[PDB]
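Numbering-wise (the deposited numbering), the sequence shown opens with residue 18 and increments by one. The block underneath contains the structure these notes are about, expressed in structure tokens.
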Amino acid sequence: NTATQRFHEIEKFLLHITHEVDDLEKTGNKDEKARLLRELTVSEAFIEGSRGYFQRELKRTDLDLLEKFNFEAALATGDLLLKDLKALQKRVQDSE
């Protein structure tokens with residue numbers, strides 16, 4: 018619930034970026050491809066920072082097992098999609 022709402026932001030980027038890949042592939046693919054990959058790079062950057070935030074809250078003591086569960090939930094959510102960012106990146110990178 019909470020973890021997914023939090024990382025739904027990047028999830029919007031995921032859908033946007035995949036679309037943008039397609040778009041650029043039929044639209045130009047001249048430089049947009051590389052630029053778009055850099056945008057996913059930015060995407061992983063803010064999520065990685067937020068992941069680091071959860072890791073800090075995990076040490077905050079002002080958390081309950083509930084909150085720990087949220088960090089663990091979000092960390093798992095973020096990690097997989099971050100892995101997905103790179104995986105798709107390599108696909109898009111490969112098409113270059």
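A virtual CB, placed ideally from N, CA and C, is assigned to each residue, including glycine.
### DSSP state of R23 mapped onto helix, strand, coil
Here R23 sits in helix by DSSP.
### Query
Quick one, are the C-beta atoms of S60 and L102 less than 8 angstroms apart?
With contacts defined by Cβ atoms closer than 8 angstroms, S60 and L102 form a contacting pair.
### Query
If we count Cβ pairs, one from each stretch, closer than 8 angstroms, do we get three or more for the region 18-33 versus the region 75-95?
The region 18-33 and the region 75-95 touch, with no fewer than 3 CB-CB distances between them shorter than 8 angstroms.
#### Entry: Cβ neighbour criterion (16 or more within 10 Å) applied to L82
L82 is exposed by the Cβ-count criterion.
### Query
Using the C-alpha atoms, what's the distance from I64 back to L99?
Their backbone Cα atoms lie some 8 angstroms apart in a straight line.
### Query
On the three-state DSSP scale, how would you describe residue 13?
An answer regarding residue 13 cannot be provided, because it is not within the stretch 18 to 113 covered by the chain.
### Query
Going by other Cβ atoms of all chains shown within 10 Å of its Cβ, with 16 needed for buried, is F86 buried or exposed?
Flag for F86 reads exposed.
### Message
Could you check whether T58 and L105 sit closer than 8 angstroms to each other, using their CB atoms as the reference points?
### Response
Their beta carbons are not under 8 angstroms apart, which means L105 does not touch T58 by this criterion.
### Query
Quick one, are the C-beta atoms of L80 and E89 less than 8 angstroms apart?
No; because the gap between Cβ atoms is not below 8 angstroms, this pair is not in contact.
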